[PDB]
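The structure appears right after this line, and notes come after that.
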Amino acid sequence: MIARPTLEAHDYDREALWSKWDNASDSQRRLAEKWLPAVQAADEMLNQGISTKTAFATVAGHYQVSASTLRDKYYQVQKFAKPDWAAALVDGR
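Terminal number for the sequence shown in the entry's author numbering: 168, no gaps in between.
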């Protein structure tokens with residue numbers, strides 16, 4: 076679950092960011108949920124020091140997503156705290 080966290084440690088108030096999620100359509104939250112297990116699984120593989128090609132290839136093999144698309148998003152959510160990653164995926168360009 077994107078449970079609901081300890082809204083305690085943050086120089087920025089997310090109510091605005093999470094209000095956006097609450098008002099987002101079901102399809103948008105659903106899309107973010109689909110991309111959340113792929114980005115999270117990739118982090119575990121990089122932690123084990125697996126080659127990026129093999130790490131992304133394995134993820135692209137198990138998940139039907141573009142390896143190039145997932146890599147761009149993985150670095151983009153790096154600056155965002157993991158708990159807000161679900162909200163960051165809602166905000167697409």
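From the three backbone atoms N, C-alpha and C, an ideal C-beta is built for every residue, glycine too.
From the DSSP output, in three-state form, read off residue i for me.
i, result
"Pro158", "helix"
"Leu82", "coil"
"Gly136", "helix"
May I ask which residues mark the beginning and end of the alpha helix (DSSP H) holding residue i?
i, result
"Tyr149", "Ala142 to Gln153"
"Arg104", "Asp101 to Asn122"
"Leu92", "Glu90 to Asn98"
Just mark residue i as buried or exposed, buried being the case when its beta carbon has 16 or more other beta carbons within 10 Å.
i, result
"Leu164", "buried"
"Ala130", "buried"
"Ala132", "exposed"
"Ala91", "exposed"
For my contact list, residue i and residue j are in at a C-beta cut-off of 8 Å; report their separation, rounded to the angstrom.
i, j, result
"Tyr149", "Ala99", "Their Cβ separation, rounded to whole angstroms, is 22 Å, which puts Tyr149 and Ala99 out of contact at 8 Å."
"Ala162", "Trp93", "6 Å"
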